[PDB]
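To start, the structure itself, in structure tokens.
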Amino acid sequence: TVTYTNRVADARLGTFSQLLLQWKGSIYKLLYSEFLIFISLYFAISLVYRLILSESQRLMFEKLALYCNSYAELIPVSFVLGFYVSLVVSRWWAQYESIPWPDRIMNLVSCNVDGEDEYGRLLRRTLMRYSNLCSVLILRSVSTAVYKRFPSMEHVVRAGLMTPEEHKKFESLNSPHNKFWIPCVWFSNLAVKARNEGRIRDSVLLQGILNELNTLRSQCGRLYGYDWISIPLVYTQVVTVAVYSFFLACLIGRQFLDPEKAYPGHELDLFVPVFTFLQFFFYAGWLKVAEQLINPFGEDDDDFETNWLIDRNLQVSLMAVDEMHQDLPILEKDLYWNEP
Amino acid sequence: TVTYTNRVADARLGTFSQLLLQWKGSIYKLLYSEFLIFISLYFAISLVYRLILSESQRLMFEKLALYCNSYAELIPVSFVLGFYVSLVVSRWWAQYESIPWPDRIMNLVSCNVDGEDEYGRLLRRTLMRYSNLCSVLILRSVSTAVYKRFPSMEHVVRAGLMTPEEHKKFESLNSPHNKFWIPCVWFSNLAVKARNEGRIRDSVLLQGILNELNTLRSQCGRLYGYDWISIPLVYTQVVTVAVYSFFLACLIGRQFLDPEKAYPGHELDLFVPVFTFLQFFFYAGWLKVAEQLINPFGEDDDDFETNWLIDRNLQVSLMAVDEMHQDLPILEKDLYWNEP
Amino acid sequence: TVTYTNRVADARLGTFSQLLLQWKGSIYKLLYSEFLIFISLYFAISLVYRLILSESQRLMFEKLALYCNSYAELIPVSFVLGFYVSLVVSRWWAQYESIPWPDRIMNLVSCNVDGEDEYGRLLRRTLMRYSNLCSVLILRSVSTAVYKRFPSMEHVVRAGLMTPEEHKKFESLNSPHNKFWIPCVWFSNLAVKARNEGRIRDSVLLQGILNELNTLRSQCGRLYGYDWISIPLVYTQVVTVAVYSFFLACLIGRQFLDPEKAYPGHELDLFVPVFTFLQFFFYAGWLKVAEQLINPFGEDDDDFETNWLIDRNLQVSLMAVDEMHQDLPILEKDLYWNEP
Amino acid sequence: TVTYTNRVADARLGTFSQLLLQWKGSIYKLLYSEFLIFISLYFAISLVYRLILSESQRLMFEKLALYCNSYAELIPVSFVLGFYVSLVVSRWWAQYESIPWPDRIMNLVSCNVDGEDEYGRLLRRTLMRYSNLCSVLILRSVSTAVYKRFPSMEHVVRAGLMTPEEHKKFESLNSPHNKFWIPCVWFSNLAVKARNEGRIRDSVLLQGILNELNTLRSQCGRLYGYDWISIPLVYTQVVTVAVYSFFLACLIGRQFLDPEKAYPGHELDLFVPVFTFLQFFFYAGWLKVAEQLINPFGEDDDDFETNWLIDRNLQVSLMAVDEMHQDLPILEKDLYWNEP
Amino acid sequence: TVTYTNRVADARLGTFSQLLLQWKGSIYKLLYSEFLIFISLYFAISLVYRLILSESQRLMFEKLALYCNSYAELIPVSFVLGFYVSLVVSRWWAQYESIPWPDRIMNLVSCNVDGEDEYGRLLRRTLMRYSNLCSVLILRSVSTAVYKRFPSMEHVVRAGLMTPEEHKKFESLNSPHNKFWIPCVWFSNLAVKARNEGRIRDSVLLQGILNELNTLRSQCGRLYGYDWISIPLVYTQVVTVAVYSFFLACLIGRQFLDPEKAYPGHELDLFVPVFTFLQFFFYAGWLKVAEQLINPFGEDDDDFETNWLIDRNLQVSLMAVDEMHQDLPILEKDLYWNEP
Ligand SMILES: [Ca+2]
Ligand SMILES: [Ca+2]
Ligand SMILES: [Ca+2]
Ligand SMILES: [Ca+2]
Ligand SMILES: [Ca+2]
Ligand SMILES: [Cl-]
Ligand SMILES: [Cl-]
Ligand SMILES: [Cl-]
Ligand SMILES: [Cl-]
Ligand SMILES: [Cl-]
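Residue numbers (my numbering), protein chains in the order written: chain A, 6 to 345; chain B, 6 to 345; chain C, 6 to 345; chain D, 6 to 345; chain E, 6 to 345.
Written out as structure tokens, the structure is:
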């Protein structure tokens, strides 16, 4: 993700104009190759019409170009493109909101799993590691970046997210389906074990912890659902066909015809169709943005920073439940305190 | 469902162009027959106009074609089609999100229903089987795929989802309505029975399990509501009438008229209306996608994989609450552990 | 409601074309009278122009028809109609989702209100009857079908939904406002009374039951809000004025003018304006669908089946909490059971 | 609010046509003055053009009118108006849904705050009065109708919503901010006091009551947020400028030009621009509806009936928790009862 | 924020026309510089065409202006602008709703943390200060106004939001990530410490307080997500390019051409393009409003009043949990009381 929120805090003269100079995460970088191909095809066809074709062939080409320019409006580019982009964008934000955070879980684990000894620290750290492991498992199922970071479970073990004993237990459980849900069952059973050993005071606090665990599970299930249930392939095919056919038609219909023939709309020959290239910029770019957002867990510049989030969650959880377990600053009177 | 999320992780040159070559779940496969019918009708009418009709009849046909092409724009195809498709798509995703998953229930059942003996295993397995049975019952009510898998309750018994004793009890209960809610009542009563026998420690954990059961029930009720309350038939009729009438008009108005008559827009005779066929592709295909998504629980290529989900849920639940009941990996110090 | 979900499970050739032959819940049945009136008015005006008017009067009529056809596009029919229909449709589905179901309540009442004796059965049945009575009261407030079924409270008593003692207590409570909330207070007080008599084990289960009761209340309040707060009358008036004025203009502007005058667009006289009648079908039908959906609790073919839902809820609740209280099938090993 | 839901239950011939005859809450009543001003300005300009201007001045006016009519389409009236109206309407319904109701609170207070003596009645009545007082305070902050009913806190005291002792305590608390949140703190502290005196059985029921109180608070906070955070003034200014400039242009561009000059579109002189007046009706009326809905807590005919809701809530709450505390109808066998 | 809700309570003649006279938070103030630049460029080009260019150069300029005016409609300004503005507006309101309020927390802390002595007051005040500190930390991360108020943590200490001991503990915790979550862990641990010392009666009330704390955390996480995940830069670049290119084209295509050349649409020379300047007002202003709303936590006139909210929350929380802890008005009979 290329964040620029702080740069656009205030509406000033040209507060978006500076953002046009940026290359990382820009429309130029996404549209470079398609734009170059389209421009080269247009100018090759222009050179063929201007230098190669004879008089009769130029007349035939002019008729074909008038035909294409008139009937290319039958292609409902904006109709399909707007629907497709709205669907992509809603799914994009919903997918961000489904990424699990350990903060709600760690607040309860840090304060309700008692014991400053080695066993209490082990329990709190293991619970946090199980929750983070569920998140890691589903993320590497749904994200190519995370999967390239952890191409096998041995990589997960070498990163300290899973112990070798947990890896052996994980592999001993036989299931022909995705095993991201295993650490949630491990978490619930460990929490109940902590409760039965006196480390969790009572079943209200245990149930609060289990509720947060199930909330985390539901987040992972939403990630799984957006990965599994992609946008229907028919929509993707239709929208790319619409854009591509419209600009293939424009490759002929937007040529600069001979001004001596006095065709309507072809009175001035400027050689470069600035407005056609602009229209390509807008529509093709709209499609390319949809192409980048359709899976926001890849390695695009604007895709979600999933590996960074994994690192942050691990470090913050382990610090919250180990370093900051019953570790409070000294209670003192604040500035606004008033004596009785 | 034809998932392709991993293939479009990164926005590259033509990241959607490869998807155009796929046949399963494609627009081509959905639109094949309608496209063939439309093309055949257009070319039959073209041959009648070109070879059969005389001069006066050709003149009458030309007038009719100008009339049809001018006044076919009174048909608000995109107006009705966009609304209908937006409604279909919102209902499609909402229906996916209403499919019940047993994970939240199984996390609590695996850890809070005590006993490593035969009776504890029987209790946990039976509770999970009841929840899965409710999901199966509503799914076979709402899904033709699941119904064809389980055409009667005897098929449900033979698949191990229901015991013969449970089938006899199920049939003994007399109700002129859908009986998918029975296993939820069975689940709540069994959970209370487990609590009264000491298998559930206290009523906070019992209430947590019952809350998850009621959440599952609400999912099943949402499935029932989307099945029962279909999109109003009036909308379906209006939208199909709009598409069909528009392209029936196009069968006449988009013919290649005689260029010698110098009709405006009929200067070039290309025999094949490429842009009319494209417009059919887009609009008719938009309707066909709506036809495929209107009931996403059928046997379309892009419909939900309900039988697979049933299998996954059953296997995962039974493993979670039986194999993984109080079965934790050895607690050990993680990689990031620091000594005091 | 006319459900057809099972008929459109799979996308086939013409999967919507069969639905065009249905009359119940169809656009034809809703639009019959308006279509007949519009067609009769058009043909009466056509006969006046063709047979009654003289030359000067025909010329004046032709000028008026050109004027009306040109300036009827100033009426933004689709602009207002799309907004009005989107509002109607969102409110329609939200109103369906607000209809209360007793299943969540009955799951807890069946399992947590103890006693197989007469008093336990009386308690469970009375609690379910109170919840169903709240739903019935709000439904007969908001639904003309339910109100015609129960035109007074005596009809509610004769249907077994309310006892005569409960009717006397209900009438003794003096309130100048809608009394649908009374049975919820009765339910909460009876549940607390059951708890105080030992029939509910503890206050966690009591609070769970009260939470479900309050969830039910909120559903009834949403029904009350959609009934009370109708779509602003200004919108309804504006949208009907727009449709009616547009087609009143079309009654003149869409007449077949004399082809000898060579008016642009009036070259061919077909006597029947097929595309004008189609445009009436689509726009007027869109309005009629809004007219049918604006109150989905009436007696339209596509309105909600509220009386059937009342019957289903009553029968299912009473069976759940009486016949199926602590009445479980024999626990037995399932098909997938494995011995230790 | 002008409710008409019962009148449109069934879709019949002209089910909206009757609503056109209503004056209260109608578009005619909202648009009367603007329509009269627009019509008078149009006819004054028409009289100036027809009777006062000379030949050269008429020619200049005709050129200006052609210019204005052609270039007034550059004003994107529907673009801005549709967005503004959608925002207004979403905020309108969200504001209705944020109005607090005491029913959920009163169900718990009536059944869980024990004691049939004077002190129990005082406790229940005072708790309900505190919750209603919070709602009243926020409503008079956000509603001009409620504020005109209660212009000072003395009016609130004289209406029995607040006792004089509570008014003295309320004024003794010093805060430079809105004090609508005070009675919620009072409610929570009184509920805990009732619990500590044995009037609330245990802390699960106390916590349920506090949860409902916090739900009520959140409703009041949503009301506060919609009042504080109005629709951005820039949007309101832009949309009114767009409507006003478009119809100021129409005051010139829609005049009936001299038919002898044979201007295109000015062939027939009807003196009254029926379609221009219709277009004013639709667009200006759309803006006026937005003007009425932007603050639905005023004194418009279609604004929310806030004073009536206040009265209803007070009476119903006091009856629920005082008259109907442990006051149940006699338990008896229902009509469907079956003996063992 | 410039609130004007009270001024538009009632729909009257010109209820929006007064708002046009306001300068603070107005479209004029946002669009002043861009409008001046556009107007100056247009009139400079007009003077060049009218006074500097010769006959041939004027003819070339006229051809270029016809070309630009015809082909500037290929730029889909409204298509991209409407999508971008809808996304901005949805994110704007969602960001307001994510701002944390301490009221739900303070209601529970004021009533459930016992003790009128110094230690009870210290506990309640410290808990409220921790929750407010979390909100302050995330706000200064996401808001330039709050960050300019508190440029370092020393400023937070000097404002009484954090004690120097808490600052030393805060800095001793080592984390390469944003530390806004620290005070939530501190809050949970302090609440558990209060519970273990007898200040919180039992674990149901403790869990209620922790649930409200986690709700607050989730609000802070939503703020963090909207700050981190900005609107994709590609969209911002595309939309600003579309607006800027369209009006750069209008700088040539909307010039007043020589009326003697009888170009269609250039019959009247008024020197000032009133409708072009209006179209700039609407479209450019629409973009500027998006520029102001894209980060509503800045220092714009219409941005959220975050510093004021911080002040209000601090003062109200400290008063709620200290001055109003077990401090209730005298219980007395209300006006509507009836004796038995
Ligand atoms: Ca991507
Ligand atoms: Ca299907
Ligand atoms: Ca109806
Ligand atoms: Ca108002
Ligand atoms: Ca800003
Ligand atoms: Cl789940
Ligand atoms: Cl339900
Ligand atoms: Cl309610
Ligand atoms: Cl709040
Ligand atoms: Cl969070």
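Every residue gets a Cβ at the ideal spot worked out from N, C-alpha and C, and that includes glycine.
For a contact meaning CB atoms closer than 7 Å, what does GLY270/A contact in chain E?
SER75
With distances taken from each beta carbon to the nearest heavy atom of ligand 7, which residues come in below 6 Å, in chain order?
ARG222/B, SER223/B, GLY226/B, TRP106/C, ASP108/C, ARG109/C
By the three-class DSSP mapping on this structure, what secondary structure does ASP119/B have?
coil
When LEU64/E, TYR288/E, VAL162/E are compared against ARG134/E, the one with the closest alpha-carbon:
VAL162/E
Could you tell me which whole alpha helix (DSSP H) segments of length 4 or greater appear in the region 227-263 of chain A?
238-258
Please list the partners that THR241/E has in chain A, where partner means a Cβ-to-Cβ separation under 7 Å.
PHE21, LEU24
Under a criterion of Cβ closer than 6 Å to any non-hydrogen atom of ligand 4, which residues qualify, in chain order?
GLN297/D, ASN300/D, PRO301/D, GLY303/D, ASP305/D, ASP308/D, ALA14/E, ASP15/E, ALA16/E
Beta carbon of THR149/D nearer than 8 Å to that of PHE282/D
no
Return the chain-ordered list of same chain residues with a C-beta closer than 7 Å to the C-beta of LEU210/B, the five sequence neighbours on each side being excluded.
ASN117
Just how far apart, CA to CA, sit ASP108/E and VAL94/E?
27 Å
Could you list which residues in chain D have their beta carbon closer than 8 Å to that of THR131/C, in chain order?
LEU336, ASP339
Using 8 Å as the limit for Cβ to Cβ distance, is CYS116/B near chain A?
yes
Would you say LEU228/B and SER45/B are within 8 Å of each other, going by their C-beta atoms?
no
is_contact[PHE40/B, chain A] using C-beta, thresh 8 Å:
no
Can you check the region 134-174 of chain D for any alpha helix (DSSP H) of at least 4 residues that lies completely inside it and give the ranges in chain order?
149-154, 158-163
Tell me which residues of the region 242-267 of chain B have at least one Cβ-Cβ distance to chain A shorter than 8 Å, keeping chain order.
none
Interface residues of chain E facing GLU328/A [CB-CB closer than 8 Å]:
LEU178
Residues of its chain near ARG204/A, where Cβ-Cβ distance is below 7 Å and the 5 sequence neighbours each way are ignored:
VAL118, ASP119, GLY120, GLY125, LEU128
Using a Cβ-Cβ cut-off of 8 Å, state whether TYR231/C counts as contacting chain B.
no
Beta carbon proximity, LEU273/C to chain B, threshold 8 Å
yes
Determine the burial state of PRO188/E: buried for a count of at least 16 other Cβ atoms within 10 Å of its Cβ, exposed for fewer.
buried
Can you say whether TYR37/D is buried or exposed, counting buried as having 16 or more other CB atoms within 10 angstroms of its CB?
exposed
The region 90-102 of chain B: which residues have C-beta closer than 9 Å to a C-beta of chain A, in chain order?
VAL90, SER91, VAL94, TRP97, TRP98, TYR101, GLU102
Nonlocal neighbours in the same chain, by C-beta distance under 7 Å from residue 2/A, ignoring five residues either side
With chain A represented from 6 up to 345, any question about residue 2/A goes unanswered, as that position is not in the structure.
What's the call for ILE315/A, buried or exposed, on a 16-neighbour Cβ count within 10 Å?
buried
C-alpha distance - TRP291/E paired with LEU86/E, whole-angstrom precision
8 Å
Own chain partners of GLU272/B with C-beta closer than 7 Å, once the 5 adjacent residues on each side are dropped
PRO264
Taking only three categories from DSSP, how would you classify residue 2/C?
Outside the modelled stretch of chain C, which goes from 6 to 345, sits residue 2/C, for which no answer is possible.
Within the same chain, show all residues whose beta-carbon is closer than 8 Å to that of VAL141/E, passing over the 5 residues directly before and after it, in chain order.
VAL151, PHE155, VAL161, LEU166, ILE315
Pair within 8 Å by beta-carbon distance, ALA70/A and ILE234/A
no
Name the residues in the region 198-209 of chain C whose C-beta lies less than 8 Å from a C-beta of chain B; which are they?
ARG206, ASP207, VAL209
Spatial neighbours of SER208/D within its chain, please: CB distance less than 6 Å, with the 5 preceding and 5 following residues excluded, ordered by chain position.
none
Which chain A residues sit within Cβ distance under 7 Å of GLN297/E?
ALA16
According to the Cβ coordinates, are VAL239/C and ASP307/D closer than 8 Å?
yes
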